[PDB]
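Two forms, one chain: they're shown below as structure tokens, one block per form, named structure 1 and structure 2.
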Structure 1
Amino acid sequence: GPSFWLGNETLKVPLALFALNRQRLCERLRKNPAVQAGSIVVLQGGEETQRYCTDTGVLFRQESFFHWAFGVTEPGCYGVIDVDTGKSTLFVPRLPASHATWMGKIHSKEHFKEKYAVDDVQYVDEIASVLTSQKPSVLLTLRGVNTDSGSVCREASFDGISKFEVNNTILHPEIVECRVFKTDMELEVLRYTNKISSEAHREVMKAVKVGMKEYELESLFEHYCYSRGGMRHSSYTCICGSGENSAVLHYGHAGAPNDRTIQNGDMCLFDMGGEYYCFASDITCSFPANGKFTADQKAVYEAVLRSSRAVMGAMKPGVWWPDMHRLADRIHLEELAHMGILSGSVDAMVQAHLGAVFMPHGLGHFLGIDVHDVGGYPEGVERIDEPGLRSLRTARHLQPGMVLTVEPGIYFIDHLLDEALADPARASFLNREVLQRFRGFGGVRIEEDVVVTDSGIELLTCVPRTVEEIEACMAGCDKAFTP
């Protein structure tokens, strides 16, 4: 069958991937006792947009549920799936013949049918007539709450939909649950996004020089990903934090736009991940700007390496994700004490939630078509109201097919350190004579993407991770070199 492909060394993605997703969704809905015979799933794709009131077009990137089901790259479409038969119909815009003046060949409906390997293609303005003739019982539309943004998913609507019975509650938890569990075909794409983003991270580590602006490395990363990987988009805005900016967790946005000059002795924390055909990657590499870890940098870095590897070694089906977050906290506290930054009982430190001073964010999150992927908090799974844990994007138990980031870090964040020093319950654990040395250190984060297997994990990411590996990479060693 047909494949999406951007040529050269880029990945061929079979359109069968999306057919399988549609099949799996139907299979799930068929098992759902509340789904009526003759129901049809109705999804509305994204539409073209412009900047504010201008005619400056914004590059169109498909809505994630619609992409998951159909893989369609064009704006202005709808898509329906008959639950009982699995039959798929794509609705595409009707462009007047005169648009050929501007657009070139206007593609036929047969073109799209062949391209996307759907059962039928119709024009969008005919959706009411086509659905009327199929005599559906119920239209199942998409409405629900994203638990990371708090936004409500956009439910499909078309002129005449009021003539139909519409249910907008059943679909969302079901299609979310399908997205949580990745197919073999989806895993091939996520291996690829990790391959290209890993290569790009290595190129960035090889190219970094003291004196460069952070954004020069953002640019280089995105150029590698697009020119060598066919990744027109990033999965999220690149975070290129140097020096103290490596302690700024959302760094790189318009208000702090990767515009610092990298200095000798800085740590760099670069969190970047290309997107291929709407599939994410999310990788963070931490390393010394000048290519040589100081003793203090080695100690902080290796503490995060220890927690990274301990969590990866413990992950398997049945593990409760919050227990992994707490494992990373404990290890960080142990290692910060072995460094002289902290003193006292680590058991007592954990009871005081001291780990959250150094890692205020969650250990990791589902990843898929969105970088913060759907389904972390389905009904009945509760957020934990404790420092650090409250920032976790899922409190689920791990199961085969889930894809997660594993991203412990340690940061030296003044207002959190100062709060701790002001708090009699935490202040005694902090040794200021050593801690003072780490004010302005920034932070270290080591972020891997992994798949939960039947018995453990598969690591998707492939970047240098030991101090020796990183120093070798920055010294321009071939990848096929083993410190």
Structure 2
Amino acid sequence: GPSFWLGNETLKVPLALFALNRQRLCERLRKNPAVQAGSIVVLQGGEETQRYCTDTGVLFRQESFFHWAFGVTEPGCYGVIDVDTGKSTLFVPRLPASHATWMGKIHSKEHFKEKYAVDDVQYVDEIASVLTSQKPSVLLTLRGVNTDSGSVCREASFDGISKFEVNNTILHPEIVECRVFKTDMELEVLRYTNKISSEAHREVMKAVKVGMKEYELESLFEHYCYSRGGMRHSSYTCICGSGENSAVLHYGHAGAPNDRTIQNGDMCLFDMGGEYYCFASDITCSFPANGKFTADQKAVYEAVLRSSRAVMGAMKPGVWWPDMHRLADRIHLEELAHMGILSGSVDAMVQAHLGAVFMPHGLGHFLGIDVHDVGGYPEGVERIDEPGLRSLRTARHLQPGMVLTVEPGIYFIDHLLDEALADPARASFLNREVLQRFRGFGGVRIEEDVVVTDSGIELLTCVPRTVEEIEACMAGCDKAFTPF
């Protein structure tokens, strides 16, 4: 069948991927005792947008649930699925003649049927009429709460929908649960996004020089991903934190826009991942700007390498993700004590939540069509109200087919350190005279993307990770990627 492809060495993604997702969704809905025979799933695609009140178009990127179900790149579409038969119908805009002048060929409905391998294609202005002629019992629409943003999913609507029986509660948990478990076809795309992003991270490590601005590496990363990988989008805004900025977790946004000069002696923490056909990657590499770890840098870095590999080595079905977070906390505390930053009983440190002073974020999260993917906190799964753990984006147990980031880190964050030093329950563990040397260090994060398998995990990411590997990579002479 047909495939999405951007030519050259980019990945061919079969449209069968999306057909399988539609089938899986129907199979799950059919087993839900509340779903009536004759139900039709109705999803609304994203629409084109502009900057504010201007005519400056924003590059269109499809809404994630719609993409998961249909793989459609064009704005202004709807898509429906007959639950009982699995039959799919795509609705596309009926375009004006002048589209041919300004925007390009006015493709036929048959072109879109062939392109997307759906059962039928109709025009958007006929959706009420087409759905009426199918005599559905109920329209199943999308509405629920994203547990990372707190936003409510936008429910499909169209002129005449008021004439139908509509249910907006059943679908969201079911399509979310389907998205949590990646098919082998989806895993092929995530292997690819990790491959290109890994290559781009290596090019960045080879290119970094003292004196460069952080954003020069952002630019290079995105150029590699687009020109070589066909990744027009990144999965999230690139985080290119040098020096003390490596302690800022989502550095790089408009308010802190990757605009620091990299200096000799800095650590770099680069968290970047290209997106291909709306599938994510999310990789973080940490390394010395000048290509040689100092003793202090090596110690912090290898502490995080230890937790990274201990967590990956422990992951397998049935493992409770909060236990992995706590494992990483304990290892960090052990290593920081070995370094002399901490003293005392690590058991007592753990009881006082000291780990969260150094790693205030979650160990990792589901990844898929969104970088912070859906389904981390379905009904019955509660957020743990403790330092560190409360920032976990899931408290689920691991099962095969889940895709997770594994991203421990250690940071030296002044307001968290100052709080701890003021608290007698934590201050006694902290050796101020040693810690003072690490003020302004920034931080280290090592982020891998992995798939849970029947027996353990599959690592998708492939970047240098030991101190020796990293130093060798940065010292490499290869003119394998040289823009102008």
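Along the sequence of structure 1, residues get numbers from 1 upward. For the two forms, the rigid core is made up of the largest set of C-alpha atoms that agree within 1.5 Å on superposition.
Undergrad: Pick out the one residue among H99, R94, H397, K298 whose C-alpha shifts by 2 Å or more between structures 1 and 2, once the rigid core is superposed.
TA: Comparing both forms, the shifted residue turns out to be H99.
Undergrad: Would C477 count as moving between structures 1 and 2, using a Cα shift of 2 angstroms or more after superposing the core as the test?
TA: It does, since the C477 C-alpha is displaced 2 Å or more between structures 1 and 2 after the core fit.
Undergrad: What Cα shift, in Å, does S286 show between structures 1 and 2 once the core is superposed?
TA: Its C-alpha moves by 0.1 Å once the cores are overlaid.
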